[PDB]
Each structure stands twice: as structure tokens, then as C-alpha cells.
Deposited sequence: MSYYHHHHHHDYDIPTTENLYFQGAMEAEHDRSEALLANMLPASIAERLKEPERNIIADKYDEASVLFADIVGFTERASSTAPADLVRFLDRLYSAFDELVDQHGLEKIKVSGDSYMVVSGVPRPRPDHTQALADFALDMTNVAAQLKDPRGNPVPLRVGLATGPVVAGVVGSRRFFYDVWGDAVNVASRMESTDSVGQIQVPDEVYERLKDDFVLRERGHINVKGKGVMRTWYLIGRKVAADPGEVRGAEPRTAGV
């Protein structure tokens, strides 16, 4: 069985960046630059930021293009002060032959199926509110405070009395 589909790109330029609510606004600004410059962000294991030029779409000006992007990048991080201090950004750029393409793996995660899953995920509307059916109310009433919402729609199921979960009771 084959798990890689990849090609040699003889001509390619690679960029890594890193810092040594604000950070997300910055990375959002970088994300916007990638798209503006027509480049490719690569998802990497870590906190580092990887951008690639000349791949998957070759271009003869791959190094210059990545260079312009990197300059705009540092420019963006310069303008954005945080504590009021500038962002300590490292940027590295290299150029040379690479291999690139798609790799097959498997994602493992927990899942659940049953009426309870449906009921929990298909109750209509509310905000900041926690809504629960009778079977949950009966289990929580002695140690928590709830107030009846009333009869609502659970899509795929029907109409259902529900309660808003307000808070815990202080132990008596």
C-alpha cells in the first residue's frame, strides 16, 4: 500500500517564522498576507509558521516573491505593538530542491451515538444558557438549581419539555 503522492520541485523557497488575543490578531494578519501574495501556508507540528513559494505552483521568481512576503511580514509585526512592546519575531528563508505532496494518515478520536446525542445537539435556541431534558433535570435537581424553560422542538425527535441549568447548590 502507498501512502505518499509527491513530486520533486527543484526550484522552491521555504520560510519559517516564530515568536520568541494579540498573537492571534498577528497570525491573522500573516494569514491575510499569504493569500495576498499568492503563497502557500503549510500546516506544521509546532507553533512555528511555515510558508512556501514555488510549490505546489511553480514560479521562476519564487525566492523574490517569498522575500517580498517576509518583508511585509516583518513590517506587519513592526506596526503592531503589544505591555506596549514590539513582537519578537524570527524569520528564516532558504531556497533549494524539495519534495512535496500529499500524505495519508489516520485521525483517531472519540465518538458517541444514541438518543442522548441527538437530544443534546438538536434542542432549539436560547445565549449563555444550558438546556436539559427531564431525565437530566431529575438527576440534577437535588444538587443544582434549574428553572423550567418549557416545551421546545428537538429536530428529528419532537417537542420536549426542557429546563435551564442555572447553578450549583451550596452543600447543606
Practice prompt. List in ascending order the stretches of the deposited sequence, numbered from 1, that lack C-alpha coordinates.
Written response: 1-52, 73-87, 150, 195-196, 243-257
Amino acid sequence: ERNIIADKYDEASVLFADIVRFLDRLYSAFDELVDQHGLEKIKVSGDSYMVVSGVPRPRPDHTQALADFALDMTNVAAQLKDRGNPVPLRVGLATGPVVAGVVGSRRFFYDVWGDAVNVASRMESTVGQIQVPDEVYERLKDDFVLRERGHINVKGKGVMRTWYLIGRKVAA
From here on, numbers count along this sequence of modelled residues.
Worksheet entry | Mean temperature factor over C-alpha atoms, higher-scoring stretch between 84-92 and 98-106 | 84-92
Item to complete: Take the C-alpha B-factors listed in the entry for 8-16 and for 154-162, compute each mean, and give the stretch with the larger one.
Response: 154-162
Discussion item. Among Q64, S125, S53, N118, where is the Cα B factor highest in this entry?
Written reply: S125
Discussion item. How does the C-alpha B factor of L26 compare with the rest of the chain: lowest, middle or highest third?
Written reply: highest
Item to complete: Comparing against every modelled residue in the chain, figure out the third that the C-alpha B-factor of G46 lands in (lowest, middle or highest).
Response: highest
Worksheet item: Going by what the PDB entry lists, where does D35 fall on CA B-factor within its chain: lowest, middle or highest third?
Response: highest
